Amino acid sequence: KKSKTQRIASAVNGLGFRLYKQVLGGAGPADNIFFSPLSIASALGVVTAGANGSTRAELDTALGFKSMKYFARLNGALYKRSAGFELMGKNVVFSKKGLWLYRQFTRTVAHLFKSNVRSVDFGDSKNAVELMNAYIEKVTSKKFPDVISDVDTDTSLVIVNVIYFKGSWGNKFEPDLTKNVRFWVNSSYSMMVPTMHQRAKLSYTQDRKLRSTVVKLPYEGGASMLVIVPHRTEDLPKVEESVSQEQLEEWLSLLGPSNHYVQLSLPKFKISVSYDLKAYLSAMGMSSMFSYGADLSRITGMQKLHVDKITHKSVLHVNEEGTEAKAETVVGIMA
């Protein structure tokens, strides 16, 4: 939609949805799916800033549309702290201690991603992991310890995004109204899930086209959780197939104020998911940066660098107060 921040937000969403669709290729219908498009876009923006040639191109096409200048504006607009709301995002870039970096690279990462580059002796790797994690933790008031598990000697850089969200519901649930209820994974496999309960004024609608219920759960801040429940859990692939920016706008238009009171029943849970994204991003067109013929020559000429590895790890905690959510994207660069 028209605004500058809105265009880049839909690019990032576009990236997210495209990624979602790849995740489905390897997810049994009992699996949890959870990831932050912003975290992943931030980490890849850093890689983009050092890319050249075919590698840069593939990466620009995936991240869409001074393209990256309005990405930092978006993050500035989103990351805020106020009563019952926190969204915080941090990029960190570690570099090999001997390794000369071009200044145009270090300054665009300081300006667009707010990271100064910290150098590290990855050769002494036990300590290298403790040092990196200790730095990350220092800068994120202990929300993110242990973001890094392992680091190769021949590692030349590691790029890190983390993102933390904690939102209070606009309508907080009463703990007194929380009893176990059969949650149906399936037609056959059920389980007892502490399920929360409230009568509040929530926007909802039946999606007739997708045979599923949509509901908007506001947080404090200007944020909310959209929850989409297929009626038959066999409708779930056609729901998950349609996800797109246009579908999102669809679901948001179909939502009215609809502010007569609603009877809501919602699970209380903490789930966490991990990914290795190499194959998914490869399918989405960014296969180049993992080759031994990758071009990351804007980073340094001293060595020929490629992306070794990209992990993404995320956690979702829903309870009576609200929602707590973390994500962490890590990129390892080698020769």
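Start at 1 and count along the sequence shown; that's the residue number.
In terms of unmodelled positions of the deposited sequence, the chain runs continuously from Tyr292 to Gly293 in this entry.
Per-stretch averaging of Cα B factors for 85-93 and 259-267 places 259-267 on top. Here the stretch with the larger average CA B-factor, out of 323-331 and 20-28, is 20-28. In this entry, the residue among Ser224, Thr178, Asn161, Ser115 with the greatest C-alpha B factor is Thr178. Ranking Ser67, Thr48, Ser272, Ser297 by the C-alpha B-factor listed in the PDB entry places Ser67 at the top.
Ranked against the other modelled residues of its chain, the C-alpha B-factor of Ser287 as given in the entry falls in the middle third.
In the deposited entry, the Cα temperature factor of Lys216 sits in the middle third of values across the chain's modelled residues. Ranked against the other modelled residues of its chain, the C-alpha B-factor of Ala62 as given in the entry falls in the middle third. The deposited CA B-factor of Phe105 belongs to the lowest third of values across its chain. For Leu74, the recorded CA B-factor ranks within the middle third of the chain. Only modelled residues enter the ranking.
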